[PDB]
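**Q**
Number of protein chains: 2
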Amino acid sequence: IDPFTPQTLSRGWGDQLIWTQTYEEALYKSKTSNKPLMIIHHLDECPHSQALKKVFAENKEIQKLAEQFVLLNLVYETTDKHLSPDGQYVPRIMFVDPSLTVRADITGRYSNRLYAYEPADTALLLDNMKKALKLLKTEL
Amino acid sequence: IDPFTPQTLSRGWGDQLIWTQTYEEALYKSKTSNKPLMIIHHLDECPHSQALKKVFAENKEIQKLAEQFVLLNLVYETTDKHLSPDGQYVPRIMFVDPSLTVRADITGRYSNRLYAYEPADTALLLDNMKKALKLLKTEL
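If you're matching them up, the sequences are chains B and A in order. Numbered according to PDB author numbering, the first sequence spans residues 36 to 175. Numbered according to PDB author numbering, the second sequence spans residues 36 to 175.
Pasting the structure below:
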């Protein structure tokens with residue numbers, strides 16, 4: 036019944052983390068865990084990214100989630116217009132329901148905020164992620 | 036034809052590495068690259084492993100391969116007597132062909148040395164690994 040050894044054997048799944056590449060791979064690594072998949076599709080050609088990357092270093096919350104989840108880096112035409120409708124821009128913090136389904140339509144409280152990726156919007160960014168990895172239904 | 040940017044973008048695959056678990060997963064991650072699979076099955080209950088673990092820290096060669104390949108940690112009955120015949124002991128540095136086949140029968144020059152895992156046998160250990168990740172045939 037009850038567990039044992041109050042100390043996580045493996046210490047930390049993403050104890051180190053890695054530079055993942057290609058969507059599928061990202062999907063599989065998560066698939067093996069049968070858990071929600073988080074993948075921040077980003078690039079650097081657009082100073083825009085450099086914006087989030089700023090507070091990103093201080094927003095320990097972001098990391099905590101970026102390190103314990105999946106990561107993707109794609110700066111070349113590949114995301115077929117079938118994988119994401121308006122997801123044509125850069126800031127594309129996408130998520131995938133347990134079934135490995137890219138539920139990009141996953142919003143939060145103020146769906147009107149997660150549109151203007153402000154240098155300090157980490158609030159919604161974090162809530163969303165924190166919300167994406169949180170189920171709400173199972174039997175109902 | 037020729038490549039580009041003399042600086043590997045990813046700057047490293049297992050740049051950070053991770054504490055993998057369960058055979059399958061090991062095969063999974065390896066298969067994603069369709070390359071030879073290296074998995075050092077070990078435990079710590081037996082002071083034996085502690086031996087290799089000694090020079091292991093200095094034998095940069097071992098690491099170099101342990102970091103750029105697969106890793107497995109199993110200290111509980113699981114390796115069915117079908118996965119490895121005499122592989123019942125501890126020092127079980129197993130390998131898997133690109134087809135994800137656990138070719139445990141992979142020996143080296145002195146097949147009589149890799150039997151007595153000496154505190155300094157790293158010589159064969161390294162040669163073997165270095166040899167396991169090296170093909171010899173394709174068309175013939």
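Built from N, CA and C at the ideal position, the CB exists for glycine as well.
#1: Hey, out of A:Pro133, A:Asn163, A:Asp162, A:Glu80, whose CA is closest to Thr173 (chain A)'s CA?
#2: Where do the ends of the beta strand (DSSP E) carrying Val131 (chain B) lie?
#3: CB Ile74 (chain B) to CB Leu107 (chain B), shorter than 7 Å?
#4: Find out if the Cβ-Cβ distance for the pair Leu159 (chain A), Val105 (chain A) is shorter than 7 Å.
#5: Using beta carbons (cut-off 7 Å, strictly below), is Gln85 (chain B) in contact with chain A?
#6: Could you spell out where the alpha helix (DSSP H) holding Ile97 (chain A) opens and where it closes?
#7: Taking the beta carbon of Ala155 (chain A) as the centre, do at least 16 other beta carbons fall within 10 Å, making it buried, or is it exposed?
#8: May I ask which residues mark the beginning and end of the beta strand (DSSP E) holding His76 (chain B)?
#9: Can you tell me whether residue 16 (chain B) is buried or exposed, with buried defined as 16 or more other CB within 10 angstroms of its CB?
#10: Out of curiosity, what's the CA-to-CA distance linking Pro82 (chain B) and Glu59 (chain B)?
#11: In its own chain, which residues sit with a C-beta less than 7 Å from the C-beta of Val90 (chain B), not counting the 5 before and 5 after it?
#12: In three-state DSSP terms, what is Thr136 (chain A)?
#13: Answer with buried or exposed for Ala61 (chain B), where buried requires no fewer than 16 other C-beta atoms within 10 angstroms of its C-beta.
#14: For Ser68 (chain A) and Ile97 (chain B), what's the separation of their Cα atoms in angstroms?
**A** In brief:
#1: A:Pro133
#2: 127-131
#3: yes
#4: no
#5: no
#6: 95-102
#7: exposed
#8: 72-76
#9: This structure leaves residue 16 (chain B) out entirely; chain B is present only between 36 and 175.
#10: 27 Å
#11: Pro154, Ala155, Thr157
#12: strand
#13: buried
#14: 29 Å
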